[PDB]
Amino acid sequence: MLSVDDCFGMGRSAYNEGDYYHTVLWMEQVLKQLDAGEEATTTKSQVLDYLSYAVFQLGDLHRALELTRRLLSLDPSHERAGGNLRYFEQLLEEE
């Protein structure tokens, strides 16, 4: 096993290469290990920021909306996340 923060770094590496699929794989694993109570400097909101965008790029529309809502719930002053939420809610008529 890699640590939570290692997996997060892997997900960020994939994302910075424009590899959204591998971003999802790593960030999903991060969330699993955070839910298991593993210690980490990375926060769930930071993971959700990468993951929500990556799942959208892969065409997973209502999941991207769900994760964007969760992101904002944990980071309400995240202006970009708020803009994303408005986009997805208008796109999917989920306003």
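The term rigid core refers to the maximal set of C-alpha atoms that superpose within 1.5 Å between the two forms. All residue numbers are counted from 1 along the displayed sequence.
Item checked: RMS Cα shift after core superposition in 5 other deposited structures of this protein, winner of 30-38 and 48-56 -> Between the two stretches, 30-38 moves farther in 5 other deposited structures of this protein.
Check: Following superposition on the rigid core, is the mean squared CA displacement, expressed as RMS, greater for 72-80 or for 7-15 in 5 other deposited structures of this protein?
Finding: Result of the core-fitted comparison in 5 other deposited structures of this protein: 72-80 deviates more.
Checklist line | Greater mean Cα temperature factor according to the PDB record, 62-70 or 39-47 | finding: If you average the C-alpha B-factors of 39-47 and of 62-70, the larger mean comes out for 39-47.
Notebook entry, point to check: Based on what the PDB entry reports, which of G83, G18, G9, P76 has the top C-alpha B-factor?
Noted result: Largest recorded C-alpha B-factor: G18.
Checklist line | Lowest, middle or highest third - CA B-factor, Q29 | finding: Answer is highest: the recorded C-alpha B-factor places it there.
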